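Presented below is the structure to which this report refers.
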Amino acid sequence: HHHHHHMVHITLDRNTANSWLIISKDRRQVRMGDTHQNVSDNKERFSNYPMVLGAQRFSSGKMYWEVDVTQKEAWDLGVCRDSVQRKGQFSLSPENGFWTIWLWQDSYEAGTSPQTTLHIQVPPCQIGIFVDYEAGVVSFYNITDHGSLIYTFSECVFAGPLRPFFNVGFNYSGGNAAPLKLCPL
Ligand SMILES: Cc1c(Cl)cccc1NC(=O)[C@@H]1CCCO1
């Protein structure tokens, strides 16, 4: 791809984080803590899952950023509506305002309803995310494999401002403590 020139500097929004997340001082890294992180509750926080939003809101144009997923067993990445549900149980789907991919149990899947199997030959250590607001496109790229396409959501009905979306995943196994990191431009 040749999307790198629409690069945007994403930072994480502490106020949206599940209360067990630890966001770095530079707001570019997030990991699951081994307990509640001593913050007050608020209506923005994702309650049921280890999720957080980027601070930036996008309502036009082309945007591109990259995320490091090295040595994680589970995660979700993409974009979502600013108005997505925060509390209780929900599925990641375009109907619920999410355009995402994930790793779970040694398989990669796109967050369609029902979910779509991804075909990845080279497990990615860094993921590129491209949004074209006007075109209604969200695309994912394998930076480890020379930028190869992972998945394109097209005919997207955003229906609102978009925010970068992250899930560090559960760490029941003890093998998923590693952070998500926003990679430099
Ligand atoms: C923080 C969290 C949410 Cl939000 C949802 C489900 C699980 C967890 N916690 C973990 O994955 C690990 C394993 C048990 C102790 O923490």
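Every number for a ligand or one of its atoms is a count from 1 in the order of the listing. Positions are given from 1, in the same order as the sequence printed here. Just the heavy atoms: all of them, side chains too, but no hydrogens, waters or symmetry mates, feed the values below.
Near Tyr49, meaning under 4.0 Å from any of its heavy atoms, are these atoms of ligand 1: 4 (Cl). Within the listing of ligand 1, atoms 4 (Cl) sit less than 4.0 angstrom from a heavy atom of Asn18. Here is the list of ligand 1 atoms found below 4.0 Å of a heavy atom in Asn48: 4 (Cl), 5 (C). Short contacts between ligand 1 and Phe170, defined as distances under 4.0 Å to a heavy atom of the residue, involve ligand atoms 5 (C), 6 (C), 7 (C), 11 (O).
Under the 4.5 Å side-chain criterion, counting only non-hydrogen atoms from C-beta, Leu21 is in contact with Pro50. Side chains of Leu92 and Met51 form a contact here, defined as non-hydrogen atoms less than 4.5 Å apart. Within the 4.5 Å cutoff, side-chain heavy atoms of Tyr151 are placed close to those of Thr116.
Among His36, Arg45, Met51, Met32, the residue whose heavy atom sits closest to atom 10 (C) of ligand 1 is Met32.
Ring centroids of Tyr133 and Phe58 are separated by 6.0 Å or more, keeping the two rings apart.
Under a 4.0 Å N-O distance rule, the pair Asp13/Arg45 does not qualify as a salt bridge.
Of all protein heavy atoms, the one lying nearest to atom 7 (C) of ligand 1 is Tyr172 OH, 3.3 Å. Remark: minimum distance from atom 15 (C) of ligand 1 to any protein heavy atom is reached at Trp20 CZ3, 4.0 Å.
Here the options are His4, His6, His9, the test is ring pair (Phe, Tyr, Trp, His ring centres under 6.0 Å), and the partner is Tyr64; only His4 passes.
Taking any N or O of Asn171, backbone or side chain, at least one lies under 3.5 Å from an N or O belonging to ligand 1.
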